[PDB]
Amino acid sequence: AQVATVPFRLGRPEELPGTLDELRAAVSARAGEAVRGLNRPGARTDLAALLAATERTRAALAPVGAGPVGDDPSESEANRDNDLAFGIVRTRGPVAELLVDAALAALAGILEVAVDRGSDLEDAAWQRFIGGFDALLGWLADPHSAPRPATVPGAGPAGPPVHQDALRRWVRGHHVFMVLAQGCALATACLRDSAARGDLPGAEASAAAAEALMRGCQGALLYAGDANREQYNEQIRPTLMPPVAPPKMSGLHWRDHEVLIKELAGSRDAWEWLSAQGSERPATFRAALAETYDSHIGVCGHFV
């Protein structure tokens, strides 16, 4: 029931670029347009203006998809069920440019609900949540530099409850998860590659992206946890019809998360090297990491 704009098109995370130079060649032109679109005059006056700017930005971008991937021998049935439960369609085309499109669409998905009906999220959570998109697109626009944050308009307070708005937020929040998971996997991969090649500035820029994306993921988890609590209250009503359970991500079978955690493993030496070279990113990333891990409680079905 208009829970989210679907299909939600996303590339295969196994094809994400793995170096800063490759990433820049793949996406920096398009990401730069996206950033300029989201920071155009007037875009940041209020949440309604940001939504309008988002929709004008994504309309102004030339499409890049080539329709569904279709037959993918690397995709298990459990992967497919994971994606279908949230309306995800794996789509052929330049994976990093598809990530830019997906980021803009997930942003618009969030802002549609917040513009109409507010948010109960703490302003600092809202800031890091929506700030996750600025971090991602700003870094993709210039991967060799740390992304700089921009202003994020606040949301009004939650309005009157509308039927299954919690499910809309739950589903649209998971679309954000998939964008941030791919973004953080990119950032972690580039950190690993940069450090292996002794590119300390590239490593530092990659780690700065990874931390900002990780803080964005913590905001998204708070957002989804807030929706999940409201969902649980809405399930107290017993139903004569067979009860409809909200979609749930698997973990084992969610490909973007699998790719992310594999990159994070084996980024350990790069984080220690950055520390030894006098970076402050490792310490603050470690904090963001612990906070994001804890905020799984109340969102992911294999926690709590």
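Throughout, we count residues from 1 along the sequence that is shown.
Averaged over their C-alpha atoms, the temperature factors of 24-32 and 235-243 are higher for 235-243. Just going by the entry, 152-160 versus 135-143 on mean CA temperature factor gives the higher value to 152-160. Within the listed group 98, 189, 124, 220, the record reports its top CA B-factor for 124. Ranked by C-alpha B-factor against the other modelled residues of its chain, residue 294 falls in the highest third. Ranked against the other modelled residues of its chain, the C-alpha B-factor of residue 211 as given in the entry falls in the lowest third. When the modelled residues of the chain are ordered by their C-alpha B factor, residue 128 lands in the middle third. Among the modelled residues of its chain, residue 182 has a C-alpha B-factor that falls in the lowest third according to the deposited record.
Residue 116: CA B factor lies in the highest third for its chain, per the PDB record.
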